[PDB]
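Visitor: The following block contains the structure, expressed as structure tokens.
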Amino acid sequence: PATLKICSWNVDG
Amino acid sequence: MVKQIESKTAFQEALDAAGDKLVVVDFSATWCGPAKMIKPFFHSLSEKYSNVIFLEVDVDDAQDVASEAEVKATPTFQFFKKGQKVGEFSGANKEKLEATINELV
């Protein structure tokens, strides 16, 4: 579900 | 040239400054290494298509600009023309910018 080509917004920052 | 938009207010001004010239917008996250790492093609192309205005947008320091577009993932590139959105896409593909610019040039 996590792709290095894309950064997920689930990140607190 | 390259213009950094730190707010939606400046985003509106930059769209007006571009006039009828193409305007690409990068919502890459500066904090995300994979996203910022892909900026050299986006920033480097600014001189490749000096007849096109490239904007850099931080979803973290420019979240007001990204929240307006409801960005669901980064890096995301959006194209504007005469202040009108005519294209958008996501994925770490720097070559894609070249074709879309060619498509809207």
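Identifiers for the structure tokens are assigned positionally: chains receive A, B, ... in sequence, residues are indexed from 1 per chain, and ligands are indexed from 1 in the order shown.
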Show me, as a VMD selection string, the residues that have an atom within 7 Å of residue 7 of chain A when counting only C-alpha atoms, minus same-chain residues fewer than 4 positions from it.
Guide: chain B and resid 32 73 to 74
Visitor: Just the selected residues (N, CA, C and O atoms), exported as a PDB file, in the first residue's frame, please.
Guide:
ATOM      1  N   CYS B  32       9.382  15.377   1.969  1.00  0.00           N
ATOM      2  CA  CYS B  32       9.488  13.989   1.434  1.00  0.00           C
ATOM      3  C   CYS B  32      10.707  13.928   0.510  1.00  0.00           C
ATOM      4  O   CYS B  32      10.801  14.646  -0.467  1.00  0.00           O
ATOM      5  N   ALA B  73      -2.416  12.982  -2.887  1.00  0.00           N
ATOM      6  CA  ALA B  73      -1.082  12.316  -2.871  1.00  0.00           C
ATOM      7  C   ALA B  73      -0.025  13.220  -3.511  1.00  0.00           C
ATOM      8  O   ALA B  73      -0.324  14.060  -4.330  1.00  0.00           O
ATOM      9  N   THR B  74       1.220  13.021  -3.156  1.00  0.00           N
ATOM     10  CA  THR B  74       2.340  13.825  -3.740  1.00  0.00           C
ATOM     11  C   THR B  74       3.416  12.851  -4.241  1.00  0.00           C
ATOM     12  O   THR B  74       3.533  11.767  -3.714  1.00  0.00           O
TER      13      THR B  74
END
Visitor: Quick one: which residues from chain B are at most 12 Å off chain A, using only C-alpha atoms, as a ChimeraX atom specification?
Guide: /B:27-38,58-61,63,66-67,70-76,89-94
Visitor: Can you tell me, as a list in words, what residues are no more than 9 Å from residue 52 of chain B when counting only C-alpha atoms, ignoring any on the same chain fewer than 4 positions away?
Guide: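 Neighbouring residues, sequence-local ones excluded: residues 1, 18, 21, 22, 23, 24, 46, 47, 48, 101 and 105 of chain B.
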Visitor: If you run DSSP on this backbone, which residues of chain B come out as alpha helix (DSSP H), and could you give them as a ChimeraX atom specification?
Guide: /B:8-18,33-37,39-48,63-69,94-104
Visitor: Identify which of the residues B:99, B:104, B:56, B:65 lies closest to residue 43 of chain B, counting only C-alpha atoms when measuring atom-to-atom distances.
Guide: B:56
Visitor: So which residues of segment 4-93 of chain B fall under strand (DSSP E or B) by DSSP, listed as a PyMOL selection string?
Guide: chain B and resi 4-5+22-26+52-57+74+76-81+84-90
